[PDB]
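Alright, two takes on the same chain below, each alone as structure tokens: structure 1 and structure 2.
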Structure 1
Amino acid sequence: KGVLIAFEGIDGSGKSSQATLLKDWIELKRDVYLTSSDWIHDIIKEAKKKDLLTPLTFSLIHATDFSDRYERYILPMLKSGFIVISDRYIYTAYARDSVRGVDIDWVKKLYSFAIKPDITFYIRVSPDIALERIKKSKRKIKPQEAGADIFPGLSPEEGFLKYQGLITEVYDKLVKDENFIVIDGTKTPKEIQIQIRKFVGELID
């Protein structure tokens, strides 16, 4: 077959967890592969020493990384009959880049080397709820989760509310045209995963 399943959603939506749980369950009965690089973090640090990293260049750094993971792991897995689960796919780029002022149509063209998923789950949830949950986890908000480059003044919590809110707007815009399966991430991880397992379970026959 070769089935591409993508997960999208804001940081704190639990999509990573839902992706892993899906793989672990799909492994029981089918070959499956679950999908950033250190150098990206090195580019950002060095860029900070340099007083410049444009949204354009930021977009292209991530596309470069994605092209490598796509051509090295995703596409070959797919060609050889794996189910591929991607925790974050091209739609993450569409949102990350367009919120920074990069023309989304250009981003679409940029990533047009990559196939559309067979299924994309959008785990949709209020940023307020995602923040509350990260707050109960006692975990600190990373600069990237707070859109620190866009909102350099703010507390990480306020940054996160605004930045993840902007990301949500782009995801909501893609739903109809990209055929996202929207999942209410207000639900528990168990309810969400059971619902997803039943849905993908339409590969069982």
Structure 2
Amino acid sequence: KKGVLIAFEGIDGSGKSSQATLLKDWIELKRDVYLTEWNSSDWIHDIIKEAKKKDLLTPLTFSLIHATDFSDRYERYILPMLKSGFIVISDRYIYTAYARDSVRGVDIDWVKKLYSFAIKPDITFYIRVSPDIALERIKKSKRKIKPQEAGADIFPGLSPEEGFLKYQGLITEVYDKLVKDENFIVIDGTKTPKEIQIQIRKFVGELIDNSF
């Protein structure tokens, strides 16, 4: 009957992506649902970054490019679907921008005001896990750490492993500082994917049943 916005926040390797997908799989059995990812930038993002590919951009300009691109995604896809009664699940939401931008020196209060045009999630799940554990999982999966996951732009002198630990650690600190103000539902990401999802569904089930 009413649209609902569910957000997932967590570091790379925390498993929040899997949890968002698992929740979509369950919700779609009964209701219309749309799953998106913060990382899924659109056309404005591409036009500006390509146009300025030869120039060195500042954290502030990147913050604005991302907000600009999101403002379009928001009005074009997200908000319309919510108004239509869709349940929207976002694998990483505006809080990821809060973290990525503030860790790079952009004023936190300014970034919050910048994104004030966007509605807050009905529920935000923070899949919390130590960067050390997240790293172990990535190592065991045999895949390599991406420069972005290692915050290579900030820590080019560190190995991908050390960069990951330092950078994801800073992202974790931002999320931790946002928990109380943003009413994050903190989930112990060290638990099994199944136990985590069960907890999530209990929270979401209660939410939807009381949604009318």
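What we label the rigid core is the largest C-alpha set whose atoms superpose within 1.5 Å from one form to the other. Residues that one form lacks are left out of the comparison. Sequence positions of structure 1, starting at 1, serve as the residue numbers.
Asks: Core fitted between the two structures: which of 157, 46, 169, 27 shows a C-alpha shift of 2 angstroms or more?
Replies: By this measure, the answer is 46.
Asks: If I align on the rigid core, how far apart are the two C-alpha positions of residue 141 between the two structures? Answer in Å.
Replies: The shift comes out to 0.6 Å.
Asks: After fitting the core, how far does the CA of residue 199 move between the two structures, in Å?
Replies: Its C-alpha shift, to one decimal, is 1.3 Å.
Asks: Relative to the superposed rigid core, which consecutive-residue segments of length 3 or more display CA displacements of 2 Å or more between the two structures?
Replies: CA shift runs, sequence order: 36-51, 203-205.
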